[PDB]
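Q: Once you've had a glance at the structure underneath, I'll fire off some questions.
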Amino acid sequence: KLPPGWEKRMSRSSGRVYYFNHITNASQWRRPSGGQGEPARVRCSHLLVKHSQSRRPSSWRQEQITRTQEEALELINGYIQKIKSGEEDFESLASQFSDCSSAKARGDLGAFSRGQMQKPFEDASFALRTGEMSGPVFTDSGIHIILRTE
Amino acid sequence: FXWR
């Protein structure tokens, strides 16, 4: 009925219905749809927020990442909120705040196939449809927001 | 960095 990963959920805090993708961790009020499988290749941009437990706790933004995983998640959630509100743009935020060297490419990672990225990153990327944005995606590098561009 |  719903595309891969998508399920109809509701808030324990409130009670309002929404839609959640358990592969990309994306959430949205809009129903995600009104033998195709996955695309064989995708192109994605991403915004990475590292933390003290990241595999390399350093980046061009600071040689010593000291924020906790929770503080990194709170930053990721804030960036998602700014993008969804329209106040900020994904590429603009990735250029300024991504702890990945791809920030110089506005977050662009180019095209990739299965078996080339970290498994949680890969699973989310191939579950996004073109133009869709993930929720928080947890890898050994940190927490990502992923935007599928092709 | 990612990549596997």
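In the structure tokens, the first chain shown is A, the next is B, and so on; residue numbers restart at 1 for each chain, and ligands run from 1 in the order shown.
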Select, as an mmCIF file with N, CA, C and O atoms, in the first residue's frame, those residues of chain A with any atom no more than 8 Å from chain B (distances computed using only C-alpha atoms).
A:
```cif
data_model
loop_
_atom_site.group_PDB
_atom_site.id
_atom_site.type_symbol
_atom_site.label_atom_id
_atom_site.label_comp_id
_atom_site.auth_asym_id
_atom_site.auth_seq_id
_atom_site.Cartn_x
_atom_site.Cartn_y
_atom_site.Cartn_z
ATOM 1 N N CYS A 100 31.633 16.990 7.074
ATOM 2 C CA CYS A 100 32.244 16.172 6.000
ATOM 3 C C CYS A 100 32.886 17.061 4.963
ATOM 4 O O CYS A 100 32.387 18.139 4.677
ATOM 5 N N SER A 101 33.987 16.590 4.384
ATOM 6 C CA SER A 101 34.719 17.345 3.370
ATOM 7 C C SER A 101 33.873 17.617 2.124
ATOM 8 O O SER A 101 34.199 18.499 1.329
ATOM 9 N N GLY A 115 26.955 -1.419 -1.678
ATOM 10 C CA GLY A 115 28.248 -1.910 -1.251
ATOM 11 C C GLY A 115 29.363 -0.891 -1.261
ATOM 12 O O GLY A 115 30.528 -1.272 -1.112
ATOM 13 N N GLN A 116 29.052 0.393 -1.431
ATOM 14 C CA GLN A 116 30.083 1.417 -1.504
ATOM 15 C C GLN A 116 30.049 2.405 -0.351
ATOM 16 O O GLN A 116 31.090 2.970 -0.015
ATOM 17 N N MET A 117 28.889 2.624 0.260
ATOM 18 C CA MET A 117 28.754 3.476 1.432
ATOM 19 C C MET A 117 28.515 2.620 2.668
ATOM 20 O O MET A 117 28.241 1.420 2.580
ATOM 21 N N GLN A 118 28.625 3.255 3.834
ATOM 22 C CA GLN A 118 28.288 2.578 5.079
ATOM 23 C C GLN A 118 26.845 2.090 5.029
ATOM 24 O O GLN A 118 25.964 2.770 4.496
ATOM 25 N N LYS A 119 26.607 0.898 5.580
ATOM 26 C CA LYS A 119 25.316 0.228 5.417
ATOM 27 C C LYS A 119 24.113 1.076 5.821
ATOM 28 O O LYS A 119 23.138 1.112 5.055
ATOM 29 N N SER A 141 30.338 7.362 11.392
ATOM 30 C CA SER A 141 30.906 8.690 11.207
ATOM 31 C C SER A 141 30.160 9.762 11.985
ATOM 32 O O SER A 141 30.739 10.814 12.275
#
```
Q: Compile the contact shell of region 80-88 of chain A as a ChimeraX atom specification: residues with an atom at most 10 Å away, counting only C-alpha atoms, same-chain residues fewer than 2 positions apart removed.
A: /A:26,28,74-78,90-93,133-136,145
Q: Could you please take those selected residues and save N, CA, C and O atoms as a PDB file, in the first residue's frame?
A:
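Saved file result37.pdb follows:
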```pdb
ATOM      1  N   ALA A  26      12.675   9.286   7.990  1.00  0.00           N
ATOM      2  CA  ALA A  26      11.926  10.477   7.618  1.00  0.00           C
ATOM      3  C   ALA A  26      10.522  10.436   8.208  1.00  0.00           C
ATOM      4  O   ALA A  26       9.914   9.370   8.358  1.00  0.00           O
ATOM      5  N   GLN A  28       6.704  12.790   8.002  1.00  0.00           N
ATOM      6  CA  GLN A  28       5.975  13.825   7.283  1.00  0.00           C
ATOM      7  C   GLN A  28       4.484  13.643   7.514  1.00  0.00           C
ATOM      8  O   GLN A  28       4.009  12.529   7.744  1.00  0.00           O
ATOM      9  N   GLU A  74      20.349  16.779  18.348  1.00  0.00           N
ATOM     10  CA  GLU A  74      19.565  18.001  18.475  1.00  0.00           C
ATOM     11  C   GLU A  74      19.912  18.991  17.370  1.00  0.00           C
ATOM     12  O   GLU A  74      19.039  19.714  16.879  1.00  0.00           O
ATOM     13  N   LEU A  75      21.180  19.026  16.952  1.00  0.00           N
ATOM     14  CA  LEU A  75      21.554  19.872  15.821  1.00  0.00           C
ATOM     15  C   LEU A  75      20.922  19.365  14.531  1.00  0.00           C
ATOM     16  O   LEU A  75      20.379  20.149  13.743  1.00  0.00           O
ATOM     17  N   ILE A  76      20.981  18.049  14.302  1.00  0.00           N
ATOM     18  CA  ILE A  76      20.387  17.463  13.101  1.00  0.00           C
ATOM     19  C   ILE A  76      18.898  17.774  13.037  1.00  0.00           C
ATOM     20  O   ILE A  76      18.372  18.174  11.991  1.00  0.00           O
ATOM     21  N   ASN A  77      18.192  17.585  14.156  1.00  0.00           N
ATOM     22  CA  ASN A  77      16.761  17.871  14.189  1.00  0.00           C
ATOM     23  C   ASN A  77      16.491  19.340  13.904  1.00  0.00           C
ATOM     24  O   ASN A  77      15.503  19.679  13.242  1.00  0.00           O
ATOM     25  N   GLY A  78      17.354  20.226  14.402  1.00  0.00           N
ATOM     26  CA  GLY A  78      17.191  21.641  14.116  1.00  0.00           C
ATOM     27  C   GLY A  78      17.371  21.962  12.646  1.00  0.00           C
ATOM     28  O   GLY A  78      16.620  22.762  12.082  1.00  0.00           O
ATOM     29  N   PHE A  90      18.869  23.094   2.046  1.00  0.00           N
ATOM     30  CA  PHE A  90      19.732  21.960   2.374  1.00  0.00           C
ATOM     31  C   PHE A  90      21.177  22.222   1.966  1.00  0.00           C
ATOM     32  O   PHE A  90      22.100  22.066   2.774  1.00  0.00           O
ATOM     33  N   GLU A  91      21.395  22.603   0.704  1.00  0.00           N
ATOM     34  CA  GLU A  91      22.757  22.816   0.224  1.00  0.00           C
ATOM     35  C   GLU A  91      23.461  23.905   1.022  1.00  0.00           C
ATOM     36  O   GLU A  91      24.640  23.766   1.369  1.00  0.00           O
ATOM     37  N   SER A  92      22.750  24.996   1.326  1.00  0.00           N
ATOM     38  CA  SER A  92      23.349  26.079   2.098  1.00  0.00           C
ATOM     39  C   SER A  92      23.794  25.594   3.471  1.00  0.00           C
ATOM     40  O   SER A  92      24.890  25.934   3.935  1.00  0.00           O
ATOM     41  N   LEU A  93      22.964  24.779   4.127  1.00  0.00           N
ATOM     42  CA  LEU A  93      23.305  24.282   5.456  1.00  0.00           C
ATOM     43  C   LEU A  93      24.457  23.289   5.396  1.00  0.00           C
ATOM     44  O   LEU A  93      25.356  23.323   6.245  1.00  0.00           O
ATOM     45  N   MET A 133      14.212  13.722   1.273  1.00  0.00           N
ATOM     46  CA  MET A 133      15.197  13.929   2.323  1.00  0.00           C
ATOM     47  C   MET A 133      14.958  12.937   3.455  1.00  0.00           C
ATOM     48  O   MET A 133      13.815  12.694   3.848  1.00  0.00           O
ATOM     49  N   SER A 134      16.043  12.384   3.983  1.00  0.00           N
ATOM     50  CA  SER A 134      15.972  11.448   5.092  1.00  0.00           C
ATOM     51  C   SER A 134      15.742  12.188   6.406  1.00  0.00           C
ATOM     52  O   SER A 134      15.819  13.416   6.484  1.00  0.00           O
ATOM     53  N   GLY A 135      15.441  11.416   7.448  1.00  0.00           N
ATOM     54  CA  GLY A 135      15.572  11.879   8.806  1.00  0.00           C
ATOM     55  C   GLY A 135      16.990  11.647   9.289  1.00  0.00           C
ATOM     56  O   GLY A 135      17.913  11.467   8.490  1.00  0.00           O
ATOM     57  N   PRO A 136      17.192  11.643  10.607  1.00  0.00           N
ATOM     58  CA  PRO A 136      18.529  11.355  11.142  1.00  0.00           C
ATOM     59  C   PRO A 136      18.934   9.923  10.823  1.00  0.00           C
ATOM     60  O   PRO A 136      18.196   8.977  11.110  1.00  0.00           O
ATOM     61  N   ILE A 145      21.928  13.834   7.539  1.00  0.00           N
ATOM     62  CA  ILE A 145      20.731  14.076   6.739  1.00  0.00           C
ATOM     63  C   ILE A 145      21.106  13.820   5.289  1.00  0.00           C
ATOM     64  O   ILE A 145      22.140  14.310   4.820  1.00  0.00           O
TER      65      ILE A 145
END
```
Q: Excluding same-chain residues fewer than 6 positions from residue 24 (chain A), what lies within 9 Å of it counting only C-alpha atoms, as a PyMOL selection string?
A: chain A and resi 5+120-121+123-125+127-128+133-137+146
Q: Filtering to C-alpha atoms, could you give me those residues as a PDB file, in the first residue's frame?
A:
```
ATOM      1  CA  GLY A   5       9.837   1.609   4.589  1.00  0.00           C
ATOM      2  CA  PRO A 120      22.913   2.591   7.280  1.00  0.00           C
ATOM      3  CA  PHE A 121      23.758   5.386   4.846  1.00  0.00           C
ATOM      4  CA  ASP A 123      19.973   1.613   3.170  1.00  0.00           C
ATOM      5  CA  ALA A 124      18.509   5.094   3.635  1.00  0.00           C
ATOM      6  CA  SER A 125      19.852   6.411   0.315  1.00  0.00           C
ATOM      7  CA  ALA A 127      14.999   3.934   0.028  1.00  0.00           C
ATOM      8  CA  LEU A 128      14.638   7.627  -0.821  1.00  0.00           C
ATOM      9  CA  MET A 133      15.197  13.929   2.323  1.00  0.00           C
ATOM     10  CA  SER A 134      15.972  11.448   5.092  1.00  0.00           C
ATOM     11  CA  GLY A 135      15.572  11.879   8.806  1.00  0.00           C
ATOM     12  CA  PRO A 136      18.529  11.355  11.142  1.00  0.00           C
ATOM     13  CA  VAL A 137      20.670   8.477   9.859  1.00  0.00           C
ATOM     14  CA  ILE A 146      20.581  12.650   3.209  1.00  0.00           C
TER      15      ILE A 146
END
```
Q: Give me, please, the distance in Å between CA of residue 54 (chain A) and CA of residue 27 (chain A), quoted to one decimal.
A: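 Those two atoms sit 24.9 Å apart.
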